[PDB]
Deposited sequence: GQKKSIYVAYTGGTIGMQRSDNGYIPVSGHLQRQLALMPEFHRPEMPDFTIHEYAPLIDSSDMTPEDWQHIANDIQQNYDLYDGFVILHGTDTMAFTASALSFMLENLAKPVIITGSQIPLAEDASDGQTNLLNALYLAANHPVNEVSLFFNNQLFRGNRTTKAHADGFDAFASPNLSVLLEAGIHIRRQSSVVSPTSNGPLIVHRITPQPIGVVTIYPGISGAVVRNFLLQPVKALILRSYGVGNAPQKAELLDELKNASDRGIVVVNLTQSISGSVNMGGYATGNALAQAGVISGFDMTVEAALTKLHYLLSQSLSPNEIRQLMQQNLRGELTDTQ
């Protein structure tokens, strides 16, 4: 019989509906699951719940909380066959992305999921989300950080919260789902032992270009203590041919700031290869973020900046597919 470790970090799935909003009730998740017979069928794995105290609203997640979850998996790695993380939906995609970088050579499934509604309610997907995450963490041989939502298993570092709320809140815009669990439509390295990278908060600006955007506004984004800037640009990665903008980006890159080009588009790739582009951004030292989500690029920069790497070492690794987060152009 497989055994799964479940961290209840937070989220509405285990809470109680009240007039004053959803409220945490200690042990409520575990008491309810003991009485839901679907969770105890012969084909289901055994599972153990570690309920965080206090639970975290995912909007209050920090990189220290990423590290706490990674450490929890590392502590428990040899004791279980797989891992389920229960988490609020607001920043679930950030946590999934961060954990994919942090857990190198992962060779057991880690599946993050949750629900915006207490799981006893008919409108809640929490029962089906946790049932499937438990079953797949036990039986499905994808040894990656995945996110389960609306009967779909997505690669964690390709996920974004695509709808503000609702049962279909997550998408993987630049990668096919790993698995459909309900209705059907017609892989990174694990060679060598688990390595759990340390991550700390990093001063990163995430900004959007728009017509007429000033050098003065961009200069402010690149003031200390910024170490890296994610620029959200047009189409396949285009920005205005404006010396006052390009000069500020070049000054930043020349003093070791890592400046990364992502598209404002929901889907598709930046096409700005460093040796093979006329993009004036590339001449100002900006690197391509290919088809990364904001979540992947922001967590990948945390991962790389938290180690002992030079600016040039970070720029190279930002452009390399490390954990399945980006597609070669």
Q) Which regions of the deposited sequence are unaccounted for in the modelled residues, listed N- to C-terminal? A) 1-2, 189-194, 338
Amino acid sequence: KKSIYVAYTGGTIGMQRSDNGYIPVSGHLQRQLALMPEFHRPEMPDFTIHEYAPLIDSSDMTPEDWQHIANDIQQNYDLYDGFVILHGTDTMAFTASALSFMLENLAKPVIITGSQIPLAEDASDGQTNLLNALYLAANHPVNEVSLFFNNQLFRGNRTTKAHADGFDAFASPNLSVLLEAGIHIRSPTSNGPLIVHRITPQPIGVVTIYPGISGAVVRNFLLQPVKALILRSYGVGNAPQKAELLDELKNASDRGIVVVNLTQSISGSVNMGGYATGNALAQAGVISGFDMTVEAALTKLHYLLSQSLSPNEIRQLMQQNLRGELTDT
From here on, numbers count along this sequence of modelled residues.
Q) Which wins on mean Cα temperature factor, 249-257 or 92-100? A) 249-257
Q. Which wins on mean Cα temperature factor, 273-281 or 287-295?
A. 273-281
Q: Among the candidates 118, 192, 156, 205, give the one with the maximum CA B-factor reported in the record.
A: 192
Q. Going by the entry, which of 135, 234, 148, 77 has the most elevated CA B factor?
A. 77
Q: Using the B-factors in the PDB entry, rank residue 267's C-alpha atom against the chain and give the third, lowest, middle or highest.
A: middle
Q) Hey, what third does residue 301 fall into on Cα B-factor, ranked over its chain? A) lowest
**Q.** Record-listed C-alpha B factor of residue 142: chain third
**A.** highest
Q: Among all modelled residues of this chain, ranked by Cα B factor, put residue 314 in the bottom, middle or top third, i.e. lowest, middle or highest.
A: lowest
(Q) Using only modelled residues of the chain, where does the Cα B factor of residue 210 rank: lowest third, middle third or highest third? (A) lowest
